[PDB]
Each structure stands twice: as C-alpha cells, then as structure tokens.
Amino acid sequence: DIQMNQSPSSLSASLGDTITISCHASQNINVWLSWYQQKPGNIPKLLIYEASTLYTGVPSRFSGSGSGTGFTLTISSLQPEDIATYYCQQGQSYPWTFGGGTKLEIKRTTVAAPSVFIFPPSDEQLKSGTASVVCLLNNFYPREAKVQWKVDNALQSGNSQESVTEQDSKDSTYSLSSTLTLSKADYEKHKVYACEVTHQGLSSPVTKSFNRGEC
C-alpha cells in the first residue's frame, strides 16, 4: 500500500511560533492528502483536504501545501487551542492510510504553581467498606509533580493512584488528581490526613490537611 511518513512524532514549541509538520508519501498521491486535528479528548476533525483547500470553520492560521510525495501542514501564530495530535491521510488509492501522528505541546515560558485541594470521603461511600480521599493539583506547568500521603504522620506508599490531564487549551497547564484508597476500618482508626505536594513553582512544599470528624 501507500505509506505516509509523518514527522515529527512529537513537537514542542512556544506560543506565537510557526509550526511545520511534514508528511512524506511512499508513492505519488497527487494532491489527495488531508489533515486532521484531534484535541484531547474528542473525535478527529478535518482541518485541510486536497493538500491546501481549507475547510470552513478552521482558523486561517492553518495552511497546507504539497503535491506528489511531499506535503506540509503549516500552523502560524501558535495558540493554546492548537494542543492536539495531527494526522495526515491520503486518498489516492485503497487502502487509505494515515500518518503516524504528531503530538503538539505548548512550551509555556512561565512556571505555574498548582492549586492544592483535599477532599474527605463521602459518608455515602463509608457505607460500602472503603474510603477514598482525593488530592487535586490543577493548573501547573511543569509536568513533574510529586504527591505524598501522610495518615497520622505515616507515609502512605503503594495504595494510591494518580492521573494527569493533557495541556489545558486555555492556559497551557496540566492537572493531577491522586486517589488514596483505604478500608473503612483503617479510615476510622486515624484522624489526620495530609497531602504534601512538592513542585518547581512552590519554593516550599505545601500540605493540605483535614481531620476526620471536623464537620
């Protein structure tokens, strides 16, 4: 079949820059090449088809060009709304083939500190036998963050899981949520629950705590 070599696979660039993603074809595909944008996380949307014909509703800062075997998707004035993975797709012959994809990340210039929140387990959950507390870290820019749990000054390890969003399409930041899961018996035996978050934007680790039975 016709293989599409999309490059680069990942690309990080600062706000306002100009971006060029290239897509080389193993054979001649004339002008039957399209581009797609997949923001995290929804369906792929058509940006450009016929190599250069824009689609109504796509910002003018996207432009495409190329013929035969060489193609380039140009993104001028890089805006935070452009955080997405981009794919090139050929339609000259079957089977239609997509490119490997291009993960586009914003290189934000300034460090953003995370806002830290802690949530006690709902009394509705305490009827089931488990009790899970949640620590929120939203809107910070460097992906590297560290979360530690202390249940009555005891360092909890192995019984929590974490998840991180992609770059926010507004301030180019990330968000993290850590869930510490305890059994109901273990939760009622201890009072103090803390979440110590170290970060590049904090200058000193912050700790949001709560005692069971406050409210």
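Note that residue numbering follows the sequence shown and begins at 1.
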Completion exercise
Between 43-51 and 182-190, the record assigns the higher mean Cα B factor to 182-190
Exercise for the section: Identify the stretch, either 87-95 or 123-131, whose C-alpha atoms have the larger mean B-factor according to the entry. Expected result: 123-131
Handout entry: Member of 169, 34, 63, 177 with the greatest C-alpha B factor (per the PDB record)
Key = 169
Practice task
Within this chain's modelled residues, let me know which third the CA B factor of residue 118 belongs to: lowest, middle or highest.
Solution key: lowest
Exercise for the section: Sort the modelled residues of this chain by their C-alpha B factor and say whether residue 159 lands in the lowest, middle or highest third. Expected result: highest
Handout entry: Where the record places residue 7 (Cα B-factor, split into thirds across the chain)
Key = middle
Exercise for the section: Would you check the entry's CA temperature factor for residue 56 and let me know if it's in the chain's lowest, middle or highest third? Expected result: highest
Handout entry: Relative C-alpha B-factor of residue 79, binned into the chain's lowest, middle or highest third
Key = highest
